[PDB]
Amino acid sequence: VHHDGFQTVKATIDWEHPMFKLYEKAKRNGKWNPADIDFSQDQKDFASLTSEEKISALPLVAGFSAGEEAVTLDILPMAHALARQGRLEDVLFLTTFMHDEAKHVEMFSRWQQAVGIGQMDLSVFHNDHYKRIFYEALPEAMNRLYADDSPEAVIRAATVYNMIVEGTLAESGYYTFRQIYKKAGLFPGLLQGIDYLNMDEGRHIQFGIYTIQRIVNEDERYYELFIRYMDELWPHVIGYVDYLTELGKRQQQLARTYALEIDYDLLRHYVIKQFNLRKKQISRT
């Protein structure tokens, strides 16, 4: 359907818009290129491992690789809906968001290829709770926006994508990676990538907070909606976290070898702390 006019011909960009400022920061802090990461030491580390130790790291990489790919495809409807509402500054920022996610997909796929498991199908480490979030609830909530861009729909979309998938699972995943392999001195390439990813992610979560708050600010009843949608998803979050935990406890050999006391109680409490923390970044009033 037609354009009825253009903001940068009638006027200019709104230079003070928060999403314009986030867009500017994204350009400044988003220069990194996964193609420049040296994975040669990672390949050696990985080949040095025994079959049992090799397996230990694959579940987390499988969750991240699919997750990056899901959110690369699934952010498009949000960019469309805000574009249709004429929110030009949001759209400019969302171009950096999508390009960040493309690079994240690229990074993990390069690591898989370099250590020699590209040919392996890592879908085996996706349980029913993971599928419910990433194969189903995420794409349902985003695609909805094509036909329903009400405040309710936009809140639910940002909640699932930015507050749960990024704000709870991704963040806890980054913490988990450092706690385990950074201590072990393993996989320097991959951890360089995790550091870059974790930096991009801060802007992604800030877009979600901004999006949810600006809708809550019009009607403080949407706040209840936010909390409700957070709680609906919690069972699948913790059901994926318990499942990974259980794989971790059964496959002890990497941890013994590298003298890592892998505190799964602490990882679990970090996930719980992330979830409650995101809730607190939205003010009812």
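The numbering used is simple: start at 1 and walk along the sequence shown.
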| property | result |
| --- | --- |
| Stretch with the greater mean C-alpha B-factor as recorded in the entry, comparing 122-130 against 106-114 | 122-130 |
| Of 268-276 and 16-24, the stretch whose C-alpha atoms average the higher B-factor in the entry | 268-276 |
| Of the residues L186, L88, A79, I205, the one carrying the largest Cα B-factor as recorded | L186 |
| Given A35, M230, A70, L58, the residue at which the Cα B factor reaches its maximum | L58 |
| Assigned third (lowest, middle, highest) for the C-alpha B factor of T95 | lowest |
| Third assignment of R178 from its chain's C-alpha B-factors | highest |
| Chain-relative CA temperature factor third for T50 | highest |
| Among modelled residues of the same chain, the CA temperature factor third for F39 | lowest |
| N217 by Cα B-factor - lowest, middle or highest third of the modelled chain | middle |
